[PDB]
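K.L.:
Provided herewith is a single structure, encoded as structure tokens, for subsequent inquiry.
There are 2 protein chains.
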Amino acid sequence: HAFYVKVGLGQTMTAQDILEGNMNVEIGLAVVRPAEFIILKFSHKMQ
Amino acid sequence: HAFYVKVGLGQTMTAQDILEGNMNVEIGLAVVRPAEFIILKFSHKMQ
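So the sequences go chain by chain: 3A and 5A.
Residue numbering for the first sequence follows the authors' numbering, starting at 644 and increasing by one per position.
Residue numbering for the second sequence follows the authors' numbering, starting at 644 and increasing by one per position.
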């Protein structure tokens, strides 16, 4: 759930990419954000 | 595939050939030849 890593032929590269000398790596991240606004919601509930 | 042999009336002979005293035999051969020139052909193939 936090990241992924992909590299390979048929995943990030073609065969024409190999002849040119290219290697592609793909990286995705899920970084934690701050809690800037905190909203308290109050209500009545039945007895 | 290697040879054939044919002899007979209606195959190699006529009826006029029989009266003259002729018998015809036909033989065909396929003899092995040497390998005098050997040619190596190199090429790239895709990954």
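Cβ coordinates follow ideal geometry from the N, Cα and C atoms, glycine included.
Using the three-state DSSP reduction, which class does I670 (chain 5A) fall into: helix, strand or coil?
P.N.:
For this step, residue 670 (chain 5A) is matched to residue 27 along the second sequence. Correct three-state label for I670 (chain 5A): strand.
K.L.:
Looking only at its chain, what residues have a beta carbon closer than 8 Å to the beta carbon of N665 (chain 5A), apart from the 5 residues adjacent to it on each side?
P.N.:
For the purposes of this step, residue 665 (chain 5A) is identified with residue 22 of the second sequence, where counting begins at 1. So the list reads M656, once near-sequence residues are dropped.
K.L.:
Please look up how many angstroms separate the CB atoms of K649 (chain 5A) and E669 (chain 5A), rounded, as I've assumed it's under 8 Å.
P.N.:
By one-based count along the second sequence, residue 649 (chain 5A) stands at place 6. By one-based count along the second sequence, residue 669 (chain 5A) stands at place 26. Yes, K649 (chain 5A) and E669 (chain 5A) are in contact; Cβ-Cβ is about 5 Å, under 8 Å.
K.L.:
Could you give the distance in angstroms between the alpha-carbon of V674 (chain 5A) and the alpha-carbon of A645 (chain 5A)?
P.N.:
Taking the first residue of the second sequence as position 1, residue 674 (chain 5A) is located at position 31. Taking the first residue of the second sequence as position 1, residue 645 (chain 5A) is located at position 2. Those two C-alpha atoms are separated by around 8 Å.
K.L.:
If you follow the beta strand (DSSP E) that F646 (chain 3A) is part of, which residue opens it and which one closes it?
P.N.:
Walking along the first sequence from the start, residue 646 (chain 3A) turns up at place 3. Unbroken beta strand (DSSP E) run through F646 (chain 3A): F646 to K649.
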